[PDB]
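Undergrad: Numbers 2 to 52, 52A, 53 to 82, 82A to 82C, 83 to 100, 100A to 100D, 101 to 113, taken from PDB author numbering, label the letters of the sequence shown in order.
We put the beta carbon where it would ideally sit given N, CA and C, even for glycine.
Would you mind keeping the following structure in view while I ask a few things?
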Amino acid sequence: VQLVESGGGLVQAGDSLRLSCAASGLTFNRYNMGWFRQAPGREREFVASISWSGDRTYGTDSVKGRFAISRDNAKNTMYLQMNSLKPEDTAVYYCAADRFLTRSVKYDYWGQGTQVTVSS
């Protein structure tokens, strides 16, 4: 299994950004796909998940209203559209896959991450 994130970089506060995850080595349409992040001085935490049945789940506070998760099963890729970014959104963003979990950080498969910095 390989999960490859892309799209990270430097953005300014208030910007939008799209991250992508390209999956290989698994039957993509049978897995729940999730985005997690690890910001400076914080534990790795849930951002969003899209189940294999297409149901979307978002993390606490500034995720439901600002971010949107989607998947393209034909391309074995999933995306995170981030809006109204803030300096506290600076983090390494990770793609993950699991047949069962949604919010838990205990997903079976993980990518290496893509870094996002949001300047003040």
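Taking the straight line between their C-alpha atoms, what separation do you get for residue 100A and residue 21?
TA: Taking the straight line joining both Cα atoms gives about 21 Å.
Undergrad: Excluding five sequence neighbours on each side, which residues of the same chain lie with their C-beta closer than 7 Å to the C-beta of residue 82B?
TA: So the qualifying residues of the chain are 15 and 66.
Undergrad: Keeping to the same chain, check which residues put their C-beta closer than 7 Å to that of residue 88; ignore five residues upstream and five downstream.
TA: Same-chain partners within the cutoff: 38, 39, 40 and 109.
Undergrad: Could you check what DSSP says for residue 44 in three-state terms: helix, strand or coil?
TA: Note: residue 44 maps to coil in three-state DSSP.
Undergrad: Return the residue from the list 101, 102 and 98 that minimises the CA-CA distance to residue 50.
TA: Of the candidates 101, 102 and 98, the one whose C-alpha sits nearest the C-alpha of residue 50 is 98.
Undergrad: Quick one: what does DSSP say residue 67 is sitting in, helix, strand or coil?
TA: Note: residue 67 maps to strand in three-state DSSP.
Undergrad: Could you check where the beta strand (DSSP E) with residue 52A kicks off and where it finishes?
TA: Premise fails: residue 52A is in no beta strand (DSSP E) and is neither H nor E.
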